[PDB]
Each structure stands twice: as C-alpha cells, then as structure tokens.
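Asks:
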Amino acid sequence: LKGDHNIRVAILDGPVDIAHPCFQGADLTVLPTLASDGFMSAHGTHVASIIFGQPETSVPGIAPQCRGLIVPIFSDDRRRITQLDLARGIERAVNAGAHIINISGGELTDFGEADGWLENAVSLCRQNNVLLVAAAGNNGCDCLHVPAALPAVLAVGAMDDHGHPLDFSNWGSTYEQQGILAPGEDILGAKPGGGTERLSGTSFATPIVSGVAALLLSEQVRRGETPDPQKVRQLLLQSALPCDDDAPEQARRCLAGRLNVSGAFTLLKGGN
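Structure, rendered in structure tokens:
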C-alpha cells in the first residue's frame with residue numbers, strides 16, 4: 011500500500027544524486043559528510064530511487080511516502096570504505112531515528128566475522144529495535160558477506176523474474192536462517208546525472224526488501240500498533256516461500272525462501 015512519513019528508512023551508501031527528478035516530492039534528509052565487493056554499492060542514486068522514487072516520475076518507488084535518511088559512509092568517495100566508516104554510519108542512522116537501515120554493499124568474509132566496531136554497531140540496532148537489511152553479495156558461492164551475515168540482520172539475495180535464485184547470489188549457511196530472495200534481475204532505478212536504467216545484483220534486491228519492510232511498519236502505524244522492525248524481519252522470514260523445484264537449482268540457494276509480500280501482510284494481521 012502506502013508508506014508513512016513517521017517511518018524512517020536510512021540509505022547507507024556512496025553519493026546519492028538527490029536532485030534527480032524522481033526524488034521531486036520525496037521526503038529526504040541528507041546527513042553531512044564527516045571529517051567484487053565494498054560497503055558502498057557504487058549505486059546510491061539507484062538504490063535510493065527503488066524506495067523513494069515518486070509515483071508519477073521515471074522511477075516509481077516502493078515506499079515514496081516514507082521518510083528517507085541519506086547517510087554517507089564516506090569522506091572521500093574515491094577512498095576505500097572501512098568497517099569503522101560503516102559502523103559510524105549505522106550509529107548516525109540509529110541516532111537519527113531510523114527504523115530500517117539499508118546497506119546495499121558488503122565484503123566477502125570467511126564465516127561472517129567482523130571487527131568489533133561493526134559488531135557493536137549491529138548490536139546497537141538490535142538493542143534499539145532497528146532493522147538492518149543488507150546485500151548477500153554476488154560471488155556466486157557458498158559464501159558470506161559481513162554486514163549481511165551478522166546477528167538479527169536481514170540478508171537479501173537476488174532471484175530472477177521467474178522466482179529462481181540468480182547464479183551470482185551468495186548462499187552461505189547463515190543465510191539459510193536469516194536470508195531471503197528478492198527480485199534482483201534488471202531492477203529499475205535512477206542514474207546519477209539523469210535518466211534511468213535496469214541493473215542486476217543483490218544491491219538492488221536489498222532496497223526492495225527495505226521498502227517492503229517500510230510498508231509493513233507503515234501498516235502497523237495505521238493499525239494503532241507501535242512500529243516493530245525486528246518483528247517485521249521475523250514476518251518476512253516466516254512468510255518467505257519455498258523454491259518450486261530442486262532438480263534445476265539448489266535447495267540451499269533458496270535461503271530462508273522467496274520474498275512474499277501478501278503472505279507477510281497476512282502474518283502481520285496474525286492470520287493464516
């Protein structure tokens with residue numbers, strides 16, 4: 011349905027072109043820049064447009080009535096982004112009142128290990144009932160990316176138009192528990208400098224899930240219930256649908272299952 015301006019979704023990424031016409035009418039707050052992978056998606060404008068693009072523009076977003084918090088994870092956009100850079104960004108978003116934090120990037124790890132600063136920032140989200148939604152990664156293996164594999168994070172893999180996991184989408188074991196597949200093939204979004212394009216990757220599946228999460232929280236608000244991002248995560252996981260057959264793809268490549276928006280809303284009402 012519709013989002014809600016009291017529901018706050020943070021985009022943690024590289025540069026975002028807020029002047030792109032699809033954001034005309036979007037509710038966007040830009041936090042100031044402070045003094051095969053990377054935590055920046057390289058597609059901040061596109062990612063943001065998936066959620067906040069306005070209904071009659073070149074990119075109709077999923078939750079255009081939600082409040083957006085644009086959080087830079089960089090000081091110099093050419094410089095490598097560290098875990099402390101990311102941890103600071105998460106902290107800033109929590110303190111700015113984020114319900115959901117979208118991280119469309121990540122780094123390939125051994126088994127989901129992370130530096131203390133990042134562990135602590137993710138723990139903070141958990142302590143404050145903030146939902147972190149993070150890209151599974153595009154390495155095409157039994158593999159784990161760092162924000163995505165951390166406790167209480169909702170990891171997002173990529174499936175095609177026909178509901179099948181894309182070969183490039185990572186399928187590490189922790190994702191079987193906390194990962195869901197969302198559309199990740201040729202996803203429409205804004206280009207910096209104007210115009211639009213369709214791109215494939217877990218970077219683009221991620222904001223679809225963040226947008227749906229924002230819609231679920233928005234429905235809580237109109238129901239007179241207090242927004243509960245960690246419950247919404249549980250509902251997205253619980254309603255996720257099994258992949259049709261395992262004779263073509265794999266059972267493990269399905270993760271916890273496929274994003275099921277109608278099922279998630281049914282579960283939100285305490286239905287069957």
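All letters in the sequence shown, in the order written, are residues 11 to 45, 51 to 287 by full-length UniProt numbering. Using N, Cα and C, we set each Cβ at its ideal position, and we do this for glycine too.
1) Quick check for students: name the residue ranges of the alpha helix (DSSP H) that lie wholly in the segment 95-124, counting only runs of 4 or more.
2) With 16 as the cutoff for other CB atoms within 10 Å, does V40 come out buried or exposed?
3) Could you give the distance in angstroms between the alpha-carbon of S119 and the alpha-carbon of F33?
4) So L251 is in the alpha helix (DSSP H); what residue range does that whole segment cover?
5) Just to confirm my understanding: we take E106, look at its own chain, exclude 5 residues before and 5 after, and list those with CB closer than 6 Å. What are they?
6) Can the beta-carbon of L123 be found closer than 9 Å to that of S51?
7) Hey, could you find the ends of the alpha helix (DSSP H) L41 is sitting in?
8) Whose C-alpha, out of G285, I77, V224 and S56, is nearest the C-alpha of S64?
9) Quick check on the DSSP output: the beta strand (DSSP E) that includes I21 runs from which residue to which?
10) So which of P31, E200 and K12 has the shortest CA-CA distance to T211?
11) Between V224, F89, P42 and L84, which has its C-alpha nearest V109's C-alpha?
12) Go ahead and label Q80 buried or exposed: buried means 16 or more other beta carbons lie within 10 angstroms of its beta carbon, across all protein chains shown.
13) Three-state secondary structure (DSSP) at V74?
14) What three-state label does DSSP hand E212 in the structure shown?
15) Please report the distance separating the alpha-carbon of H61 from that of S218.
16) Leaving aside the five residues before and after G68 along the sequence, list all residues of the same chain whose C-beta is less than 6 Å from its C-beta, in chain order.
17) When DSSP labels each residue in this structure, what does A228 get in the three-state scheme?
18) Over the uninterrupted alpha helix (DSSP H) stretch that includes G155, give me the two end residues.
19) For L230, which option in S215, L214, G216 and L251 has the closest C-alpha, if you only look at C-alpha atoms?
20) Short check: CB of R268 to CB of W186, under 9 Å?
Replies: This is what the structure holds:
1) You should have 98-110.
2) Exposed, since its Cβ has fewer than 16 Cβ neighbours within 10 Å.
3) Rounded to whole angstroms, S119 and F33 show a C-alpha spacing of 19 Å.
4) It spans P244 to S254 - the alpha helix (DSSP H) in which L251 sits, taken as one unbroken run.
5) Contacts found: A136.
6) Between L123 and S51, the gap from beta carbon to beta carbon is short of 9 Å.
7) From DSSP, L41 is part of no alpha helix (DSSP H); its letter is neither H nor E.
8) Residue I77 holds the alpha-carbon nearest to the alpha-carbon of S64 among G285, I77, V224 and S56.
9) Per DSSP, the continuous beta strand (DSSP E) segment holding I21 begins and ends at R18 to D23.
10) Across the set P31, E200 and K12, the C-alpha of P31 shows the shortest separation from the C-alpha of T211.
11) Of the candidates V224, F89, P42 and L84, the one whose C-alpha sits nearest the C-alpha of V109 is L84.
12) So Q80 counts as buried.
13) Three-state result, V74: coil.
14) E212 falls in the strand class under three-state DSSP.
15) In this structure, the straight-line span from the alpha carbon of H61 to that of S218 is close to 9 Å.
16) Close CB contacts of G68 within its chain, under the 6 Å cut and outside five residues either way in sequence, are with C32, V74, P75 and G76 (chain order).
17) Helix.
18) It is not in any alpha helix (DSSP H) - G155 carries neither H nor E in the DSSP assignment.
19) Comparing Cα positions, the closest option is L251.
20) In contact: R268 and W186 (Cβ atoms closer than 9 Å).
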